[PDB]
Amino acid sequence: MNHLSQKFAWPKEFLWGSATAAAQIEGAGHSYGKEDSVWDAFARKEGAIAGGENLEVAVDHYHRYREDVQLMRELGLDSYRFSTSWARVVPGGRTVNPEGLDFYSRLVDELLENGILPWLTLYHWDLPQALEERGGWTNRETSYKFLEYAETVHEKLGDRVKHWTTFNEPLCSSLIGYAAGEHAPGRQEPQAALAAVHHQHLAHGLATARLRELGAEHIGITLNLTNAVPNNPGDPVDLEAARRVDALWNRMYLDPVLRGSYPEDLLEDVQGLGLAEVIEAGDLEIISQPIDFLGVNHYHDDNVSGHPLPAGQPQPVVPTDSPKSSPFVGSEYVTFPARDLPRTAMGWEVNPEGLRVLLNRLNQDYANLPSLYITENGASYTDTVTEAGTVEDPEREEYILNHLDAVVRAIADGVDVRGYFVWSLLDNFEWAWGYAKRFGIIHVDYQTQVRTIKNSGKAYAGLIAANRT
């Protein structure tokens, strides 16, 4: 039997895509002028990345983009979401690199020539390391360097690319990279994290305004959003913990963009932890530029408690055993007890209806929410290539169709969702987890670089084809 998503008559102008990030697929890590990103430097630190792996080669998209574009076309995608690497475009934060801009220009041409709409993200975590040595996102100047970087890329691609995203998942590059220590640059400093939160916001606002001036047609930002579900809704300790999580994960990023303010309860929670100190007059006005779309990334929601974990509990699944901290600045006491739900190979719970809940809440609580796109959704399960040369990944396929079902129901609930991008087009470097955690609808043999469309990829193409003529 087929899923709702496989039988639904989707809107004709609904946008079907797939997504990647530069650092995760490009390779050519130190060729053609590219120099260290914060991730290249981080990957030299012991314990940083599973298996001691790095970003030098990845799936070598830099040399295979033409053929990866042909795969997009064989899938029948409407659009391709990718990022440009700051570490490649302005190596070391010094001089612009024309070889780097030229690659992106050649990519964009391949896309357009094959009828595929480029959806560009400016920042997907690859700050040049040299700028981190000057404080990275703790340093206010970095926001203004990003502004110049944004203009530099738009000068080159603005004649052809109409869809511009400033940041992908700012929560990750701020909290998880400066507080939790799991992500580059691997710091564990609450004050540094909150500084990063604000300066990314400021960078977003500066760049949105400038890109608008330069005529960019659709400008937005992509956030990984969640539902903070209290483990026991009858327990004020859990409700408080859920509030604090909702504030940090969702509202600290949504409100300054859409409301021109940090939430009052959030500001109280992180009092004296370094957010107020970096806020200057006019900053929030700058941050809250109008955006034409909000990209939603969502893999699962969160079950929150304010109590210590109960004893019947599955071990945490972590990419390495390096010492790490809670990303929940000011609320590190909160915990996340297990729910009776299946999990992916990364230990992530699977709760498709949570997507529907999230979309509905956004729709109800933000009066002038822009149009929504699901800019990332996917799952990592272990893959093997059969002797017949196929990849049978029914659990990944099931995850995708089930979450597409939730989208359908969200649309029927009245939510304005206009597109969906599966993460990821290609198996790739999953950050601290390294290459063992595959997300692709397209398999990559890391020994030969050969791509193989997985069964989930074929199922996805088949769904699109039934909705495209």
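We number the residues from 1 along the sequence you see.
With 94 to 102 and 115 to 123 compared on mean CA B-factor from the PDB entry, the stretch scoring higher is 94 to 102. Look at the mean CA B-factor for 418 to 426 and for 26 to 34 in the entry; the higher one is 26 to 34. For the set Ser261, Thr222, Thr84, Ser79, the PDB entry puts the maximum C-alpha B factor at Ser261. The entry lists C-alpha B-factors for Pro236, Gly354, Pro370, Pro185, and the highest of these is at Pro370. Among the modelled residues of the chain, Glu217 sits in the highest third by CA temperature factor in this PDB entry. Ranked by C-alpha B-factor against the other modelled residues of its chain, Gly177 falls in the lowest third. Ranked against the other modelled residues of its chain, the C-alpha B-factor of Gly47 as given in the entry falls in the highest third.
Sorting the modelled residues of the chain by their CA temperature factor places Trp249 in the middle third. Among the modelled residues of its chain, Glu189 has a C-alpha B-factor that falls in the highest third according to the deposited record.
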